[PDB]
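A short write-up of the structure that comes next.
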Amino acid sequence: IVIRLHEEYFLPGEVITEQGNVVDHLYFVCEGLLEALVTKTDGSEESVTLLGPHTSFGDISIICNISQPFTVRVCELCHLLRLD
Amino acid sequence: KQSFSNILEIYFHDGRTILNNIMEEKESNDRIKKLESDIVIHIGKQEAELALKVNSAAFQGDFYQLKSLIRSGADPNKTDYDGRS
């Protein structure tokens with residue numbers, strides 16, 4: 001797993017993944033908080049999950065089927081890892 | 001136009017008011033864009049043709065295409081005009 005990791009940094013307020021993009025990478029989360037939300041038909045939707053350190057992100061999409069739901073826009077600085 | 005359609009599909013109810021807006025405006029300010037013909041029949045025909053297309057899709061059983069069509073602003077309760085669900 002470690003032999004194929006590439007880093008990436010986002011300032012608080014960046015869209016990482018949403019419904020439009022299919023799975024392309026295994027975004028792992030380092031120190032920092034990224035907001036996970038989804039969409040609705042009323043002001044969309046807010047407060048799905050607040051991902052923290054030592055967790056995963058965008059795993060079920062590669063696990064079973066393409067497309068990455070749970071539109072995520074980051075909320076804090078974090079040194080996310082990325083695996084193909 | 002592409003992003004307008006791609007955002008009407010998500011805010012379908014909002015574009016629903018949007019066509020309401022344009023038609024009520026044609027009622028009031030007829031000199032703006034009423035100089036043509038009726039449009040409500042055209043939107044009804046769009047809905048009816050999408051219904052016939054989803055009928056054909058159910059005949060072909062395309063799960064992805066049927067899901068995309070239904071979520072693209074289609075009412076699932078609308079069956080064949082005769083009534084074939």
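Bear in mind that the values in this text are calculations on the coordinates, not laboratory data. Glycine also receives a Cβ, built like all others from the backbone with ideal geometry; neighbour counts cover every protein chain displayed.
Which of the residues spanning the stretch B:1-40 are under 14 Å from B:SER72 (Cα atoms) and away from chain A (no Cβ under 14 Å)?
First pass over the stretch B:1-40, keeping only residues under 14 Å from B:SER72 (Cα atoms): B:2-16.
Matches in the stretch B:1-40: B:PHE4, B:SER5.
Restricting to the stretch A:48-79, name every residue that is assigned to a loop (DSSP other than H, G, I, E, B) and among the β-branched types (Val, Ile, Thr). Residues satisfying the conditions are A:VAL48, A:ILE66, A:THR71. Annotation: A:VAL38 fulfils all but one of (1) outside any loop (DSSP other than H, G, I, E, B); (2) of a type in the set (A, V, I, L, M, F, W, C); (3) crowded, with 16+ Cβ neighbours inside 10 Å; the unmet one is (1).
So that you can scan it fast, the table gives a plain yes or no per residue for (1) within 14 Å of chain B (Cβ to nearest Cβ); (2) within 19 Å of A:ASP84 (Cα to Cα):
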site: A:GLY13; (1), (2): no, no
site: A:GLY20; (1), (2): yes, yes
site: A:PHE28; (1), (2): no, yes
site: A:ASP59; (1), (2): no, yes
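Only residues that are in contact with a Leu (Cβ under 8 Å, 6 or more places away or on another chain) and either of a type in the set (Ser, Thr, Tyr) or within 14 Å of another protein chain (Cβ to nearest Cβ) (or both): list them for the stretch A:30-55, please.
Step one: filter the stretch A:30-55 for residues in contact with a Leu (Cβ under 8 Å, 6 or more places away or on another chain), giving A:30, A:32-36, A:44-48, A:50-52.
Of everything in the stretch A:30-55, those that are in contact with a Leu (Cβ under 8 Å, 6 or more places away or on another chain) and either of a type in the set (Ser, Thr, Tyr) or within 14 Å of another protein chain (Cβ to nearest Cβ) (or both) turn out to be A:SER44, A:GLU45, A:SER47.
Do you know which residues across the stretch B:53-78 are over 23 Å from B:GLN2 (Cα atoms), free of Cβ contacts under 8 Å to residues at least 24 places away in the same chain and of a type outside the set (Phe, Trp, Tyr)? Let's see the steps before the verdict.
Here is the first cut: in the stretch B:53-78, the residues over 23 Å from B:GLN2 (Cα atoms) are B:55-63, B:76-78.
Checking which are free of Cβ contacts under 8 Å to residues at least 24 places away in the same chain leaves us with B:56-63, B:76-77.
B:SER56, B:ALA57, B:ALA58, B:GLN60, B:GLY61, B:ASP62, B:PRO76, B:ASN77, listed by residue number.
In summary, A:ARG82 fulfils each of the numbered conditions (1) within 11 Å of the chain's Cα centre (by Cα); (2) free of Cβ contacts under 8 Å to residues at least 12 places away in the same chain with the single exception of condition (2).
Each row is one residue, and each column tells you yes or no for (1) surrounded by 11 or more Cβ atoms within 10 Å (Cβ to Cβ); (2) assigned to a loop (DSSP other than H, G, I, E, B).
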| site | (1), (2) |
| --- | --- |
| B:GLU49 | no, no |
| B:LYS53 | yes, no |
| B:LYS67 | yes, no |
| B:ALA74 | yes, yes |
| B:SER85 | no, yes |
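Residues that are touching a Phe, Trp or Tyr at 6+ places or on another chain (Cβ under 7 Å) and under 26 Å from A:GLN19 (Cα atoms) occur in the stretch B:71-79; there is at least one. Scan the stretch A:14-21 and give yes if some residue there is out of contact with any strand residue (DSSP E or B) (no Cβ under 9 Å at 6 or more places or on another chain), under 22 Å from B:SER68 (Cα atoms), small (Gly, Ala, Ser) and free of Cβ contacts under 8 Å to residues at least 40 places away in the same chain, otherwise no. Yes, the stretch A:14-21 contains a residue that is out of contact with any strand residue (DSSP E or B) (no Cβ under 9 Å at 6 or more places or on another chain), under 22 Å from B:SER68 (Cα atoms), small (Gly, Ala, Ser) and free of Cβ contacts under 8 Å to residues at least 40 places away in the same chain. Would you be able to tell me the number of residues in the stretch A:18-63 that are of a type in the set (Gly, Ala, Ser) and within 21 Å of A:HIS79 (Cβ to Cβ)? Residues meeting the conditions: 5.
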